[PDB]
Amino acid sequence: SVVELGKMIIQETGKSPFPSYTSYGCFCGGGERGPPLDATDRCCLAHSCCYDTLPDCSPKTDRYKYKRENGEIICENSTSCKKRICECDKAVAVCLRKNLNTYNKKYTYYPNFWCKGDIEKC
């Protein structure tokens, strides 16, 4: 859920989802219209695409457990939805970290109605 996702994001990037990523570019916090503004925005695109393969779940409200062994995020659940959502969050947390050097503060609050390209799908 939002709790664990934020925990991962904070641990990987040093930034809090709000307000650093909740409205970033065209895809962070939600969005289907692109193109992505940069690598960070693409991480979010991938994250929503991930959540989209979880129709039987509630990604933002279903809690889950995870630990960190040898520095890596390890999703501890076997329970279907919990394990899947966790893998989706781990992926975005690490992606944002990998692309942290291009994070642009001018994109933090990018208007969503300024995103008028095609639907990226994934």
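Quick note: we count residues from 1 along the sequence shown, nothing fancier.
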Between 84 to 92 and 64 to 72, which has the larger average Cα B-factor in the PDB entry?
64 to 72
Would 29 to 37 or 43 to 51 have the larger average of its C-alpha temperature factors, as given in the entry?
29 to 37
In terms of the chain's CA B-factor thirds, is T22 lowest, middle or highest?
highest
How does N101 rank on Cα B-factor within its chain, lowest, middle or highest third?
lowest
Chain-relative C-alpha B factor for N112 (record values, thirds): the middle
Where does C122 sit by CA temperature factor within its chain: lowest, middle or highest third?
highest
